[PDB]
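Read through the structure below, which is laid out as structure tokens, and then see the notes.
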Amino acid sequence: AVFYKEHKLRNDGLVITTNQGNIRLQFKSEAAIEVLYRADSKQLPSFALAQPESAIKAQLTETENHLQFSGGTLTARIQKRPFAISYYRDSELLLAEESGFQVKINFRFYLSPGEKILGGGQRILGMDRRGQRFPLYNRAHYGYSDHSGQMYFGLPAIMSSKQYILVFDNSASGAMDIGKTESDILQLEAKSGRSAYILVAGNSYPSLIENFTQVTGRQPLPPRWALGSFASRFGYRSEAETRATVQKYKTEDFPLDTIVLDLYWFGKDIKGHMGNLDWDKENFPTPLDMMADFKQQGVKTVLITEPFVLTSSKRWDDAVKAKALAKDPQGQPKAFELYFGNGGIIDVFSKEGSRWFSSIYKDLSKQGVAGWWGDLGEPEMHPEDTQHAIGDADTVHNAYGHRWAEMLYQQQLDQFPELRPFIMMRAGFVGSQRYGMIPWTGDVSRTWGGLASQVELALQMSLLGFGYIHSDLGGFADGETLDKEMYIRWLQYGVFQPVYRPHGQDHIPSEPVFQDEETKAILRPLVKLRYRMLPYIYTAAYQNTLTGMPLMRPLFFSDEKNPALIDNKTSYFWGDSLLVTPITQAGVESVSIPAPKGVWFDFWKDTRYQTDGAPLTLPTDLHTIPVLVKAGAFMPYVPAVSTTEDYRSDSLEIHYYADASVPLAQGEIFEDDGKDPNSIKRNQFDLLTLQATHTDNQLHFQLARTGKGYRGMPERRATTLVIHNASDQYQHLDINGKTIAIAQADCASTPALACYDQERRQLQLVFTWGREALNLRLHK
Ligand SMILES: C[C@H]1O[C@H](O[C@H]2[C@H](O)[C@@H](O)[C@H](O[C@@H]3[C@@H](O)[C@@H](O)[C@H](O)O[C@@H]3CO)O[C@@H]2CO)[C@H](O)[C@@H](O)[C@@H]1N[C@H]1C=C(CO)[C@@H](O)[C@H](O)[C@H]1O
Ligand SMILES: O=C([O-])C(=O)[O-]
């Protein structure tokens with residue numbers, strides 16, 4: 001039995017006193033409220049909030065039975081007796097507490113009938129997790145395939161079809177019960193930790209996500225090389241093998257930006273060496289030369305690191321001496337069994353552990369390491385009696401990886417203020433994206449089921465802050481011989497998801513350069529396509545940094561009034577314009593694509609489809625996966641390069657998909673130096689915009705550039721604009737008012753400025769795009 005007793009509005013927070021204690025409400029923005037119970041006691045701080053001490057001006061009004069605490073769009077309605085808080089956007093109820101807070105920590109909310117609930121981070125349970133319950137406890141799930149209620153990277157957060165996001169801002173071992181035990185009840189539980197939740201509202205799914213990342217953090221733009229081709233396996237055994245692999249990419253003519261060194265870089269065996277955090281010189285004898293030699297070829301080196309320092313490693317004594325490891329209640333360094341051996345865990349929550357760990361990253365970075373891979377941050381093994389500076393293992397568990405990323409991010413920015421950190425990790429918390437965390441979906445099995453689960457996982461993570469979620473392409477775990485068709489399908493999908501990193505246990509090759517001739521013939525032009533599409537991908541990355549908009553978007557974005565679309569985990573949007581349907585079973589001969597109503601084109605074949613709702617049936621082939629382009633799309637390309645270090649935008653090729661059903665369309669291309677972490681903030685970029693206006697007798701393109709530019713920016717770009725499904729009735733082109741004839745023959749065989757290819761229904765315009773506004777008008 002809880003009831004209101006009194007409140008105090010100071011400042012700018014609402015502090016309510018019930019018969020059970022104090023509750024603090026603070027708006028972190030016009031659309032987001034933090035609600036802290038047991039406010040009067042000392043608790044762990046928020047981890048989810050980027051600005052935890054924020055509190056914007058809200059209006060408070062009181063009635064006999066209620067208080068109202070209202071921000072711009074979100075309003076908290078506080079019922080006095082019994083005590084219950086409910087949340088409104090406009091006049092629409094978003095979410096209501098049932099019993100609300102109870103004591104070990106428990107939050108209970110009503111769920112609406114028919115309300116669909118995404119969230120929980122990585123689970124393989126279906127997109128709508130309502131009817132499910134599962135732990136909040138980051139944990140490895142080795143060799144998972146088509147089901148999981150608990151894996152590496154959980155998030156204590158949900159997204160509702162009511163268009164709100166609820167965050168349980170708690171780092172402890174806990175649980176989420178989404179109307180499983182009781183049909184109309186959402187229950188959040190934790191053994192300890194902070195007793196707070198955060199509700200974020202939005203008027204659309206993109207707006208919801210923009211509002212959510214506003215308060216939890218926006219991902220800094222990754223270096224452009226993060227979007228390129230990675231060579232990886234578990235693992236290169238020597239410097240010779242590593243150099244041979246870089247060489248294999250060169251001789252096989254596959255693009256390569258980065259090679260990733262797994263745990264053999266610091267030891268001869270899988271077990272016993274973890275914590276050495278230094279080169280195994282027997283097998284990597286000249287690592288500085290190795291990294292310098294790779295940089296000469298435009299190739300970065302990334303090294304794996306882990307939280308665990310084994311008692312058998314060379315750094316045990318020093319870590320103990322430095323007080324860098326978590327302790328037992330008795331006060332000694334805590335040592336325990338984990339897969340890799342016997343050892344302790346670096347206390348990243350302590351000053352000592354942070355300084356000790358950070359100095360190691362600095363030293364290796366100075367030697368030439370370009371980026372960092374932090375594995376096992378669940379932490380994979382984390383005994384209950386382990387004590388960190390700010391709480392026991394069960395209390396801080398779900399934030400360990402989060403803090404580890406913060407430490408490393410801060411360390412990298414302090415060391416290299418003019419470069420963007422690359423940090424790939426397996427586990428984090430809400431908001432970890434603000435430290436640049438790039439997560440991958442762990443040790444997936446080498447099975448079709450493992451591949452088939454990746455879109456669900458990526459969408460679930462993307463919706464809640466993580467634009468660069470991706471998988472070990474081709475699959476990681478076990479297997480005894482390559483499943484060739486599966487591998488190909490996985491690396492094809494790979495082109496259209498955030499990070500192109502094939503990786504697997506090395507008894508089967510994960511790199512595409514080690515595959516048979518047929519596989520390479522299929523994948524080589526696709527890996528090159530990935531590079532040619534850098535302007536499209538890097539622009540989506542830019543938008544993610546701006547607004548939180550994920551690179552992969554769910555089908556349900558296409559119709560917010562059709563909740564049934566939420567269930568779809570088989571087709572997704574890659575950027576604004578591509579609808580991608582991965583093939584996830586062997587021998588599939590055709591696919592049914594639930595394309596949104598409108599006009600769509602086969603990405604590979606240029607075929608035009610129109611639909612008023614019925615799905616489209618496309619045949620499959622082994623060399624592609626089915627991809628449709630939305631009418632009105634501007635698809636920008638540059639020539640393929642071997643490494644993003646060689647990237648040029650002097651030559652642009654842009655494909656516009658024309659249809660009268662799209663009378664107005666817009667595109668943009670974000671260009672900067674690919675490396676400056678301050679480029680966006682300082683406007684040191686070249687933002688290209690294209691606008692198409694398509695009427696009965698005219699098709700008009702307006703081109704412009706903004707931004708202050710950057711060193712090496714081309715003043716003038718040679719541009720080839722290819723208009724698909726172009727009318728055959730255009731007779732002339734005006735460029736800035738100067739009329740030019742459109743040739744109607746030999747379009748591919750002459751250096752023509754404007755030509756129409758009647759067999760392909762493509763109209764090609766070739767011109768110079770300088771710094772001034774440029775207008776192109778086609779007239780019938
Ligand atoms: C490569 C991974 O090694 C370790 O995984 C162990 C795992 O701990 C064992 O339990 C597992 O046995 C499983 C069983 O758990 C059972 O669930 C399943 O049905 O049978 C399996 C029998 O093989 O054995 C594996 C070792 O093969 C470790 O826990 C795990 O984190 C490791 N993966 C990470 C480490 C590396 C290597 O540095 C990275 O390459 C990888 O990307 C990373 O995720
Ligand atoms: O759309 C058009 O104008 C056409 O196809 O002729």
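Residues are named by chain letter and number: chains run A, B, ... in the order of the structure tokens, numbers start at 1 in each chain, and ligands are numbered from 1 in the order shown.
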Return as CSV the residues of region 417-482 of chain A lying at most 9 Å from region 545-554 of chain A, together with the closest atom-to-atom pair for each and the distance in Å to one decimal, counting only C-alpha atoms, with rows in chain order and ascending residue number.
```
residue,atom,partner,partner_atom,distance
A:455,CA,A:552,CA,8.8
A:458,CA,A:552,CA,7.5
A:459,CA,A:554,CA,6.3
A:462,CA,A:550,CA,5.5
A:463,CA,A:550,CA,6.8
A:464,CA,A:550,CA,9.0
A:465,CA,A:548,CA,6.7
A:466,CA,A:550,CA,7.2
A:467,CA,A:550,CA,4.7
A:468,CA,A:551,CA,7.6
```
Name the residues in contact with region 616-631 of chain A at a cut-off of 8 Å, using only C-alpha atoms, excluding same-chain residues fewer than 2 positions from it; report them as a PyMOL selection string. chain A and resi 489+492-493+522-523+577-583+588-595+598-604+609+611+614+633+657-659+662
List the neighbours of region 264-277 of chain A out to 6 Å using only C-alpha atoms; skip same-chain residues closer than 4 positions along the sequence, and give me the result as a count of residues only. 9
Identify, with DSSP run on backbone atoms, the residues in region 359-521 of chain A assigned to strand (DSSP E), and express the list as a VMD selection string. chain A and resid 371 to 374 387 to 388 391 to 392 423 to 425 437 to 439
Around ligand 2, which protein and nucleic acid residues have at least one atom no more than 10 Å from it, if we count only C-alpha atoms and all ligand atoms? List them as number ranges by chain. A: 658-661, 694-699, 725-730, 761, 779-780
Quick one: residues within 9 Å of ligand 1, with only C-alpha atoms and all ligand atoms, as a PyMOL selection string? chain A and resi 140-144+232-235+261-264+270+304-306+338-340+375-376+380-381+426+440-444+472+476-478+503-505
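With only C-alpha atoms as the atoms that count, the residue of A:766, A:407, A:713, A:259 with the shortest distance to residue 685 (chain A) is A:713.
The residue that comes closest to residue 180 (chain A), out of A:714, A:539, A:117, A:203 and on the basis of only C-alpha atoms, is A:117.
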